[PDB]
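Presented below is the structure to which this report refers.
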Amino acid sequence: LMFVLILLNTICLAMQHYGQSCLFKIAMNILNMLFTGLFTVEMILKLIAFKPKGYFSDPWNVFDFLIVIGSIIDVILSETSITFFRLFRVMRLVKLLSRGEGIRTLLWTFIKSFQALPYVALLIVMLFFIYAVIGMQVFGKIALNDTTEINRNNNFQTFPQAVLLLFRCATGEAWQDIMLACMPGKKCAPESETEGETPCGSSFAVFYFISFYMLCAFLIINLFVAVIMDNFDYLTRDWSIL
Amino acid sequence: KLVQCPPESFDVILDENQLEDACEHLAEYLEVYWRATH
Amino acid sequence: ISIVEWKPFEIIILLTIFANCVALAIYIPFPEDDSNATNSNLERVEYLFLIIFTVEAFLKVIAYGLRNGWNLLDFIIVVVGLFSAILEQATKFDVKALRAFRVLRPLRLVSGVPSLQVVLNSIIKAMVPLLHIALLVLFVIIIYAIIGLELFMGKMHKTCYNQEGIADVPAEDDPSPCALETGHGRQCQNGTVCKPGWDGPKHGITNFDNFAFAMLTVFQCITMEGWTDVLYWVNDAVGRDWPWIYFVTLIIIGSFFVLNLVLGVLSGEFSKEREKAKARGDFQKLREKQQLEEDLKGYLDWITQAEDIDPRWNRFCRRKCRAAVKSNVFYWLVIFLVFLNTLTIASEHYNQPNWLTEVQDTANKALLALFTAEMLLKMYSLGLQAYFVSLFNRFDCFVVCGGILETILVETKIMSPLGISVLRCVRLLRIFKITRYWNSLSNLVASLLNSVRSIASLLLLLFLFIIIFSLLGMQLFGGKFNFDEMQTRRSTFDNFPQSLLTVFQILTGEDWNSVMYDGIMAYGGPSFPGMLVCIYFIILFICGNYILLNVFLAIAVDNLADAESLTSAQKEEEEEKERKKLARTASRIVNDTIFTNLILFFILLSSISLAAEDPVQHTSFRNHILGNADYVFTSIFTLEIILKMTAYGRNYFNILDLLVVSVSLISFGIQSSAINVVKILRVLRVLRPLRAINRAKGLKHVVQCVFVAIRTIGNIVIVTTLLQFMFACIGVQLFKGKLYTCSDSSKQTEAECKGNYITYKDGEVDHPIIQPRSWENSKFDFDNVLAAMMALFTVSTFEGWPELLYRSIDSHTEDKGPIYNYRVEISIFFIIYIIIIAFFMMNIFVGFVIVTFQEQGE
Amino acid sequence: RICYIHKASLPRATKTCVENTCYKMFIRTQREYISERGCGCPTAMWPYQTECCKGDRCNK
Ligand SMILES: CC(C)CCC[C@@H](C)[C@H]1CC[C@H]2[C@@H]3CC=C4C[C@@H](O)CC[C@]4(C)[C@H]3CC[C@]12C
Ligand SMILES: CC(C)CCC[C@@H](C)[C@H]1CC[C@H]2[C@@H]3CC=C4C[C@@H](O)CC[C@]4(C)[C@H]3CC[C@]12C
Ligand SMILES: CC(C)CCC[C@@H](C)[C@H]1CC[C@H]2[C@@H]3CC=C4C[C@@H](O)CC[C@]4(C)[C@H]3CC[C@]12C
Ligand SMILES: CC(C)CCC[C@@H](C)[C@H]1CC[C@H]2[C@@H]3CC=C4C[C@@H](O)CC[C@]4(C)[C@H]3CC[C@]12C
Ligand SMILES: CC(C)CCC[C@@H](C)[C@H]1CC[C@H]2[C@@H]3CC=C4C[C@@H](O)CC[C@]4(C)[C@H]3CC[C@]12C
Ligand SMILES: CCOC(=O)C1=C(COCCN)NC(C)=C(C(=O)OC)[C@@H]1c1ccccc1Cl
Ligand SMILES: *[C@@H]1O[C@H](CO)[C@@H](O)[C@H](O)[C@H]1NC(C)=O
Ligand SMILES: [Ca+2]
């Protein structure tokens, strides 16, 4: 019954379109209030049944407890904003996912294998940090032109921005365009101080953007295969046998 | 005929698929056997 | 009638199926009910095909009274074909759009070939373990779609509209979302006003307005194609503070974790199938084949030379020939000759000096004559047929035959195929024989040639899938990508080759969202019936990527495991042979525990310090603290080394620590030319994070493991580099100096493309604009080998490769401009390069890593 | 003779030179900046381009 209630709540959340009428909005608000009341009723039923010690023993309960309390006080701040507090309703859908013995076992085993190897990812973290710092030092002064690949959204002028640029290149979005935009001969930052018309940029960009791609691909494959070999017992199980 | 029967008779056995090392196998046995009766 | 159903009737129907597949390729979908004579004939040919597949389903229907899936497909295809023909004749909803069922006929080419049916079943049966991952992906997509609905619902509908009216988007040709003065996003500024009311970034297709639209956007982001565009649009809409937490998390969870799960499940299934099929003993047949060939030439040469020792004059004719080939001097001389051939082939470039083009044509003939003479010398000294017995000797014979064929032309056109001298570089791969791992590369080639039958079957099923989806796309979007925009789309479904190229591009996943948007707008716009056509692109992408994975990972994993088992057995046999041969012939507080930590903390703080600098502002108060904070940080590490340097006199990590601290200390001074030297040793300050190694156990372990893996995979890296160099040489021959273009499309030479010319904004004849004529080269060209290696690398990364492909298709002649669709047949070069390198070599590398990790540990 | 000459890239300083052909060197994407000037019709490497002339001080 509560699985069906969660499904109904998710369906109710899934039909908040753009330009909805006032009646639709009021109905959605009152339906959300009804659902959060029902879930508070379940929570009260299971503090009694399970006592205040047995409730906060299953980790699926403390997560559930934190979800609903973020929905009770969500209504308090709604009648009179912050958008963070309405995301708790969606997070409850993971209980449906964590009910099949296959997906649960797969996710749990892979998460444990990920935890058991914390340095194979530290290698990628170190590579990203080193290349972000090098990019900040080298290409960190180029002008932000909205018609070029170095602009407000994509640049080397900050460590988070450099890391985001490297992440985008690792995904492989327009890394060749960024490399071509980092070549020498670009008018750049007016806030840095003649003969210097376009003296910044570098020919190091080719090696930078090629070596980063090779190293990132190699390290990602290394992490993937390490996790797979750590979890290989579950991947070749022969479930028919004991 | 000379395979299914036990080796026994062959004091030394040449097992090589090339002329080069086959020559060295025969020469190895003859040289050591050469020093036996001397 | 149950008599004539087993004779070559079943091959007559197979040939009928092949001619109803070479009649759906000849068809040209014309815009707006146009046609020609070839179509007028194809209608009647399809009438005949309909008659044939009707009286052949009737015989089977009235022979056995529709249970098997393939026969059910037969029946439904026939009935819908008859229904469509009858309705079309009666009307002579869309009538002509019901002909999409005719593209299912090529699917029967595997129902008549059980050898293909078995590989289709093998591919299909691997889907069941992946259904859990599919369900997880669906749940993640739903959750992120709902979150995007709650976050960015209807917040990207405002663009700059200029302070003179609301005519149309006066903010570049690519308008972007903005925000008001009370907003946090992008501000239009100057003579523009952020006015509400606007379709959207992609004609209203990419947004989180609806749940369906949000789901489509989330799927497109998860496919890792064009997700930064959505992220930047959201940044311009709501702000640049918290959309990265959404998009980066979505990319990490739905694209990397999911790919890891898919790879793990597929590898486990492949390993289980391998361990089940090893019980039969298929490896034994491959194992017994190698030794039967090793002793073959080892006994044939014994027979050959013993004839020459004699009992007509062969005593003074044969000893030198076989004693020169095996002299170890002929080997190095031939290696040097091949190196010279590579040198002269790779020295070609655009606009070369006139002496070089004569040197590299004289040397080509000289080396060709020398290699022909060597081939003829070797051809008789080791038997005419025993020379043909060897593997690489067949490659040499084919290379000589092709070179002699293409060097005598000297009168005909297109001498690009004359450069098959580049495959002579494969002959120098015997340099592996002197080194190690030669028994790991040749074993791979032996396994590939042994399994070439299954390889061809797997590559043919993928081709059938591509053909079916190309026909379906040609039916759906044929002649429909013709809108009023001034630019003409290059990735269309107008012809069969063009549809094949478009489907291949979508399979590679590059710019597939652009083709999806083109297909969506071709059926109206963002509306419920019109936008349902994106299911075609979604299914094509998912199924094609899954099939490519199941093919190119299975091939690599199976062949590499077989090669490794062969190498292990050979090593065991060599060990046993050389053992049995020998068994007879013979008969200071720096060594603390907490300190160390405290200084790996300092190390972390020092690493944090230089990440917080100001890259652009040379002088800023934040750098005042950080610049003077490194001073005290460097003192601690300076004190650490002195406190340790007395204990001993040196390992390899104390050297790194010294290289860090001494560089920092000297950088504290320098002075003088504080422009060049400082800019080198300031970037040399990136070695501080690397000091965590040798100071944090486990980091050293993983670094050493990665180094061992690099040393293991260096051979595959070298082979891939060699293939890339060869393909770069071929591309240099093909497209040298041909990828030039002028901004004015009416000028086809550098001299003509000079001065100014008139352009029109959006092709409006009433709005002319003067622009300067410029002779421009491609972003990635093939002028020389070095410029071609990088272009091929970017193609292998699937980044901007359609642009290069369509630039190369138009090129026709050196020093002249492009011609629309001149050589569409040149796309085979790019297709082959992508298949061999970007699909086979990468999966071979991944499978090699998997196998070298599996044979370690367990 | 004196068509704008150089060997390096940063200062754009002249040099001795001959021959009736003088050129410009620039990146294809960054068209509106001449990286290098000299004489002859040399071959660029990447991503540079060459535009040659016929008279003295044609490259400008
Ligand atoms: C599994 C289902 C229930 C999840 C949610 C899907 C349904 C409820 C969604 C998806 C498509 C949506 C519709 C698509 C388009 C529009 C046009 C708009 O001007 C008014 C809302 C309206 C009519 C939407 C209402 C809600 C809608 C019908
Ligand atoms: C190719 C394989 C998958 C079989 C073919 C299935 C697809 C392509 C077929 C089956 C059902 C067909 C549709 C049935 C009904 C309609 C509505 C009509 O107003 C236009 C044609 C249209 C839209 C058809 C187009 C083609 C169609 C979608
Ligand atoms: C033997 C194989 C492996 C390597 C061959 C390397 C030699 C022959 C190749 C590699 C890169 C080539 C260069 C690439 C580009 C340029 C720039 C231009 O000025 C034309 C000649 C020149 C300078 C080429 C000369 C030949 C070159 C140096
Ligand atoms: C890819 C194959 C194997 C499976 C997916 C089937 C695709 C091709 C089918 C299924 C549903 C179909 C759509 C159903 C309805 C419409 C609305 C109509 O006004 C135009 C055609 C259009 C838009 C169809 C196009 C083709 C379509 C998308
Ligand atoms: C695990 C390790 C590698 C994590 C390293 C995190 C460090 C390098 C990151 C995390 C938070 C970051 C800071 C977050 C915010 C800002 C404000 C910005 O205007 C300048 C950069 C600055 C000051 C960042 C500097 C670098 C920083 C300190
Ligand atoms: C280690 C990964 O390097 C790559 O990403 C390669 C790409 C791009 O990745 C392919 C993505 N499909 N393009 C080319 C051509 C490659 C190259 O130059 O080899 C030296 C490398 C590569 C290197 C070693 C082994 C395999 C590959 Cl495929
Ligand atoms: C950089 O931005 C300025 C700002 O308008 C613009 O004038 C200039 O043309 C841009 N640079 C290029 C190369 O277009
Ligand atoms: Ca891409």
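Labels used: A, B, ... for chains in the order of the structure tokens, numbers from 1 for residues in each chain, and numbers from 1 for ligands as shown.
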Within 12 Å of residue 10 in chain D, counting only C-alpha atoms, which residues show up once you throw out same-chain ones fewer than 5 positions away? Write them as number ranges by chain, please. A: 184-185, 195-202; D: 34-37
Write the residues of the preceding selection, restricted to N, CA and C atoms, as a PDB file, in the first residue's frame.
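The resulting part_18.pdb:
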ATOM      1  N   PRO A 184      48.765  30.427 -29.202  1.00  0.00           N
ATOM      2  CA  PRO A 184      49.287  31.782 -28.995  1.00  0.00           C
ATOM      3  C   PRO A 184      48.696  32.788 -29.969  1.00  0.00           C
ATOM      4  N   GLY A 185      48.662  34.044 -29.531  1.00  0.00           N
ATOM      5  CA  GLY A 185      48.206  35.128 -30.376  1.00  0.00           C
ATOM      6  C   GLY A 185      46.793  35.585 -30.087  1.00  0.00           C
ATOM      7  N   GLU A 195      54.175  47.045 -26.356  1.00  0.00           N
ATOM      8  CA  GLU A 195      54.388  46.039 -27.389  1.00  0.00           C
ATOM      9  C   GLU A 195      53.493  44.819 -27.224  1.00  0.00           C
ATOM     10  N   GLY A 196      52.840  44.665 -26.076  1.00  0.00           N
ATOM     11  CA  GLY A 196      52.014  43.502 -25.824  1.00  0.00           C
ATOM     12  C   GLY A 196      50.606  43.615 -26.367  1.00  0.00           C
ATOM     13  N   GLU A 197      50.451  43.486 -27.686  1.00  0.00           N
ATOM     14  CA  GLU A 197      49.118  43.510 -28.277  1.00  0.00           C
ATOM     15  C   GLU A 197      48.381  42.205 -28.000  1.00  0.00           C
ATOM     16  N   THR A 198      48.906  41.094 -28.514  1.00  0.00           N
ATOM     17  CA  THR A 198      48.400  39.754 -28.218  1.00  0.00           C
ATOM     18  C   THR A 198      49.581  38.860 -27.861  1.00  0.00           C
ATOM     19  N   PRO A 199      50.191  39.074 -26.696  1.00  0.00           N
ATOM     20  CA  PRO A 199      51.403  38.326 -26.325  1.00  0.00           C
ATOM     21  C   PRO A 199      51.167  37.062 -25.508  1.00  0.00           C
ATOM     22  N   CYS A 200      49.937  36.784 -25.095  1.00  0.00           N
ATOM     23  CA  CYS A 200      49.639  35.654 -24.230  1.00  0.00           C
ATOM     24  C   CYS A 200      49.051  34.505 -25.037  1.00  0.00           C
ATOM     25  N   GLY A 201      48.851  33.385 -24.356  1.00  0.00           N
ATOM     26  CA  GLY A 201      48.622  32.106 -24.997  1.00  0.00           C
ATOM     27  C   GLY A 201      49.918  31.317 -25.074  1.00  0.00           C
ATOM     28  N   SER A 202      49.802  30.083 -25.554  1.00  0.00           N
ATOM     29  CA  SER A 202      50.986  29.240 -25.624  1.00  0.00           C
ATOM     30  C   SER A 202      50.782  28.134 -26.646  1.00  0.00           C
TER      31      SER A 202
ATOM     32  N   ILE D  34      48.704  38.579 -37.300  1.00  0.00           N
ATOM     33  CA  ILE D  34      49.806  37.990 -38.056  1.00  0.00           C
ATOM     34  C   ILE D  34      50.874  37.535 -37.069  1.00  0.00           C
ATOM     35  N   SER D  35      51.120  36.224 -37.027  1.00  0.00           N
ATOM     36  CA  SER D  35      52.092  35.684 -36.083  1.00  0.00           C
ATOM     37  C   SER D  35      53.522  35.966 -36.529  1.00  0.00           C
ATOM     38  N   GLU D  36      53.807  35.803 -37.819  1.00  0.00           N
ATOM     39  CA  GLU D  36      55.169  35.898 -38.318  1.00  0.00           C
ATOM     40  C   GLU D  36      55.150  36.472 -39.727  1.00  0.00           C
ATOM     41  N   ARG D  37      56.131  37.317 -40.028  1.00  0.00           N
ATOM     42  CA  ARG D  37      56.290  37.888 -41.354  1.00  0.00           C
ATOM     43  C   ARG D  37      57.726  37.684 -41.817  1.00  0.00           C
TER      44      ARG D  37
END
Test item: residues at most 10 Å from range 647-657 of chain C, only C-alpha atoms, excluding those fewer than 2 positions along its chain, as a VMD selection string: chain C and resid 588 to 591 637 to 638 641 to 645 659 to 663 687 to 688 690 to 691 693 to 695
Find the residues of chain C in contact range of chain B, meaning any atom within 6 Å when counting only C-alpha atoms, and list them as a PyMOL selection string. chain C and resi 295+298+302
Would you mind exporting the chosen residues as a compact mmCIF listing (two decimals), in the first residue's frame, restricted to N, CA, C and O atoms?
# COMPACT_ATOMS: atom_id res chain seq x y z
N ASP C 295 56.95 -26.93 -36.75
CA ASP C 295 57.76 -28.04 -37.24
C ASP C 295 57.67 -28.20 -38.76
O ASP C 295 58.51 -28.90 -39.34
N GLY C 298 60.42 -26.19 -40.21
CA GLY C 298 61.62 -26.74 -39.61
C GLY C 298 62.04 -28.07 -40.19
O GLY C 298 63.22 -28.43 -40.11
N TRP C 302 65.02 -28.57 -43.70
CA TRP C 302 65.95 -29.69 -43.58
C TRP C 302 65.98 -30.50 -44.87
O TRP C 302 67.06 -30.83 -45.38
May I have the residues within 12 Å of ligand 5, computed using only C-alpha atoms and all ligand atoms, as a ChimeraX atom specification? /A:118-119,121-133,136,156-163 /C:241,601,603-616,622-623,626,689-690,692
May I have the selected residues written with C-alpha atoms, as a short mmCIF file (atom, residue, chain, number, x, y, z; two decimals), in the first residue's frame?
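Saved to part_5.cif:
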data_model
loop_
_atom_site.label_atom_id
_atom_site.label_comp_id
_atom_site.auth_asym_id
_atom_site.auth_seq_id
_atom_site.Cartn_x
_atom_site.Cartn_y
_atom_site.Cartn_z
CA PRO A 118 40.01 4.67 -2.49
CA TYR A 119 43.43 5.37 -4.07
CA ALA A 121 40.31 7.34 -7.68
CA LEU A 122 42.85 9.45 -5.77
CA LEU A 123 45.10 8.98 -8.81
CA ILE A 124 42.47 10.62 -11.03
CA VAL A 125 41.94 13.34 -8.42
CA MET A 126 45.67 14.11 -8.37
CA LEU A 127 45.85 14.16 -12.17
CA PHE A 128 42.91 16.57 -12.33
CA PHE A 129 44.45 18.81 -9.66
CA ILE A 130 47.88 18.93 -11.33
CA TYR A 131 46.48 19.67 -14.77
CA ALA A 132 44.08 22.29 -13.39
CA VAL A 133 46.96 24.09 -11.67
CA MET A 136 45.64 28.07 -14.44
CA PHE A 156 40.98 28.82 -16.67
CA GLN A 157 40.63 31.85 -14.37
CA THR A 158 39.60 29.87 -11.27
CA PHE A 159 40.42 26.45 -9.83
CA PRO A 160 36.77 25.27 -9.91
CA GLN A 161 36.46 26.64 -13.45
CA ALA A 162 39.68 24.94 -14.54
CA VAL A 163 38.52 21.66 -13.00
CA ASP C 241 26.40 28.90 -8.54
CA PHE C 601 49.39 17.33 6.33
CA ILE C 603 52.03 18.77 2.27
CA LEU C 604 48.26 18.79 1.77
CA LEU C 605 48.10 22.39 3.00
CA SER C 606 50.88 23.38 0.59
CA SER C 607 49.01 21.71 -2.27
CA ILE C 608 45.86 23.61 -1.27
CA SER C 609 47.85 26.86 -1.13
CA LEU C 610 48.76 27.13 -4.82
CA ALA C 611 45.27 26.10 -5.97
CA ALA C 612 43.85 29.28 -4.40
CA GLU C 613 46.10 31.71 -6.29
CA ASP C 614 44.83 34.37 -8.70
CA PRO C 615 45.71 33.26 -12.26
CA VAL C 616 44.88 36.57 -13.97
CA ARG C 622 44.81 37.28 -1.73
CA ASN C 623 48.19 36.51 -3.33
CA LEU C 626 49.47 33.11 -0.26
CA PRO C 689 51.24 16.96 -4.46
CA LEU C 690 53.41 14.11 -5.76
CA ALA C 692 52.31 12.22 -0.87
#
Would you mind listing what lies within 12 Å of range 28-39 of chain A as number ranges by chain, with only C-alpha atoms counted and same-chain residues fewer than 3 positions away left out? A: 1-17, 20-25, 42-46, 64-76, 78-79, 86, 88-90, 92
Do a neighbour search on residue 116 in chain A at 10 Å with only C-alpha atoms, toss out local chain neighbours closer than 5 positions, and write the hits as a ChimeraX atom specification. /A:110-111,227,230
Mind dumping the selected residues with N, CA and C atoms as an mmCIF file, in the first residue's frame?
data_model
loop_
_atom_site.group_PDB
_atom_site.id
_atom_site.type_symbol
_atom_site.label_atom_id
_atom_site.label_comp_id
_atom_site.auth_asym_id
_atom_site.auth_seq_id
_atom_site.Cartn_x
_atom_site.Cartn_y
_atom_site.Cartn_z
ATOM 1 N N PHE A 110 28.952 -3.306 -6.044
ATOM 2 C CA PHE A 110 29.788 -2.333 -6.737
ATOM 3 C C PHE A 110 30.160 -1.163 -5.834
ATOM 4 N N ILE A 111 29.258 -0.744 -4.944
ATOM 5 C CA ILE A 111 29.578 0.332 -4.011
ATOM 6 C C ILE A 111 30.655 -0.115 -3.027
ATOM 7 N N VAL A 227 37.858 -1.982 -10.288
ATOM 8 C CA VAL A 227 36.588 -2.245 -9.613
ATOM 9 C C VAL A 227 35.975 -3.546 -10.119
ATOM 10 N N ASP A 230 37.810 -6.447 -8.670
ATOM 11 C CA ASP A 230 37.483 -6.587 -7.256
ATOM 12 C C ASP A 230 36.128 -7.255 -7.068
#
Show me, as number ranges by chain, the residues of chain A whose atoms get within 6 Å of chain C, using only C-alpha atoms for the distance check. A: 17-18, 103, 136-137, 140-141, 157, 192, 224-225, 228, 235-236
So how many Å separate CA of residue 189 in chain C and CA of residue 147 in chain A, to one decimal? 16.5 Å
Excluding range 20-23 of chain D and residues on its chain fewer than 5 positions from it, collect all residues at most 7 Å away from it, counting only C-alpha atoms, and give them as a ChimeraX atom specification. /D:3,37-41,50-55,59
Hey, what does DSSP flag as alpha helix (DSSP H) within chain B? Can you give it to me as a JSON list (two decimals) with C-alpha atoms, in the first residue's frame?
[["chain", "number", "residue", "atom", "x", "y", "z"],
["B", 19, "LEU", "CA", 68.61, -29.41, -38.54],
["B", 20, "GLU", "CA", 70.63, -26.94, -36.46],
["B", 21, "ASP", "CA", 69.84, -28.18, -32.95],
["B", 22, "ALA", "CA", 69.51, -31.77, -34.20],
["B", 23, "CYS", "CA", 73.18, -31.69, -35.21],
["B", 24, "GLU", "CA", 74.17, -30.38, -31.77],
["B", 25, "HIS", "CA", 72.24, -33.17, -30.04],
["B", 26, "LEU", "CA", 74.12, -35.93, -31.88],
["B", 27, "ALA", "CA", 77.46, -34.15, -31.49],
["B", 28, "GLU", "CA", 76.81, -33.69, -27.76],
["B", 29, "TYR", "CA", 76.36, -37.42, -27.18],
["B", 30, "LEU", "CA", 79.24, -38.50, -29.43],
["B", 31, "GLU", "CA", 81.74, -36.11, -27.82],
["B", 32, "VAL", "CA", 80.97, -37.25, -24.27],
["B", 33, "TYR", "CA", 80.91, -40.90, -25.34],
["B", 34, "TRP", "CA", 84.18, -40.27, -27.18],
["B", 35, "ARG", "CA", 85.94, -39.52, -23.88],
["B", 36, "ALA", "CA", 84.57, -42.64, -22.17]]
With a distance threshold of 8 Å and counting only C-alpha atoms, extract the residues of chain C near chain D and express them as a PDB file with N, CA, C and O atoms, in the first residue's frame.
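Saved file iface.pdb follows:
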ATOM      1  N   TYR C 350      52.896  19.069 -48.410  1.00  0.00           N
ATOM      2  CA  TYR C 350      52.380  20.074 -49.328  1.00  0.00           C
ATOM      3  C   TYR C 350      53.437  21.133 -49.614  1.00  0.00           C
ATOM      4  O   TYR C 350      54.135  21.597 -48.710  1.00  0.00           O
ATOM      5  N   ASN C 351      53.549  21.511 -50.890  1.00  0.00           N
ATOM      6  CA  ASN C 351      54.463  22.565 -51.338  1.00  0.00           C
ATOM      7  C   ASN C 351      55.914  22.242 -50.975  1.00  0.00           C
ATOM      8  O   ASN C 351      56.651  23.082 -50.455  1.00  0.00           O
ATOM      9  N   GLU C 776      41.154  30.112 -46.754  1.00  0.00           N
ATOM     10  CA  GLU C 776      41.309  29.461 -45.464  1.00  0.00           C
ATOM     11  C   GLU C 776      41.539  27.966 -45.638  1.00  0.00           C
ATOM     12  O   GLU C 776      41.048  27.348 -46.587  1.00  0.00           O
ATOM     13  N   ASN C 777      42.295  27.395 -44.707  1.00  0.00           N
ATOM     14  CA  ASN C 777      42.511  25.961 -44.625  1.00  0.00           C
ATOM     15  C   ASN C 777      41.588  25.358 -43.571  1.00  0.00           C
ATOM     16  O   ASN C 777      41.000  26.058 -42.745  1.00  0.00           O
ATOM     17  N   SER C 778      41.462  24.035 -43.613  1.00  0.00           N
ATOM     18  CA  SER C 778      40.674  23.334 -42.615  1.00  0.00           C
ATOM     19  C   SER C 778      41.332  23.446 -41.244  1.00  0.00           C
ATOM     20  O   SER C 778      42.544  23.645 -41.121  1.00  0.00           O
ATOM     21  N   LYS C 779      40.507  23.328 -40.200  1.00  0.00           N
ATOM     22  CA  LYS C 779      41.038  23.349 -38.840  1.00  0.00           C
ATOM     23  C   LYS C 779      42.040  22.221 -38.631  1.00  0.00           C
ATOM     24  O   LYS C 779      43.096  22.423 -38.023  1.00  0.00           O
ATOM     25  N   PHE C 780      41.724  21.030 -39.130  1.00  0.00           N
ATOM     26  CA  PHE C 780      42.619  19.879 -39.083  1.00  0.00           C
ATOM     27  C   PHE C 780      42.778  19.361 -40.506  1.00  0.00           C
ATOM     28  O   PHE C 780      41.828  18.827 -41.085  1.00  0.00           O
ATOM     29  N   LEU C 786      52.736  15.095 -39.813  1.00  0.00           N
ATOM     30  CA  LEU C 786      52.485  15.585 -38.460  1.00  0.00           C
ATOM     31  C   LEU C 786      51.112  16.236 -38.348  1.00  0.00           C
ATOM     32  O   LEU C 786      50.417  16.059 -37.342  1.00  0.00           O
ATOM     33  N   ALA C 787      50.703  16.991 -39.367  1.00  0.00           N
ATOM     34  CA  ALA C 787      49.379  17.598 -39.365  1.00  0.00           C
ATOM     35  C   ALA C 787      48.266  16.579 -39.569  1.00  0.00           C
ATOM     36  O   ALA C 787      47.108  16.881 -39.267  1.00  0.00           O
TER      37      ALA C 787
END
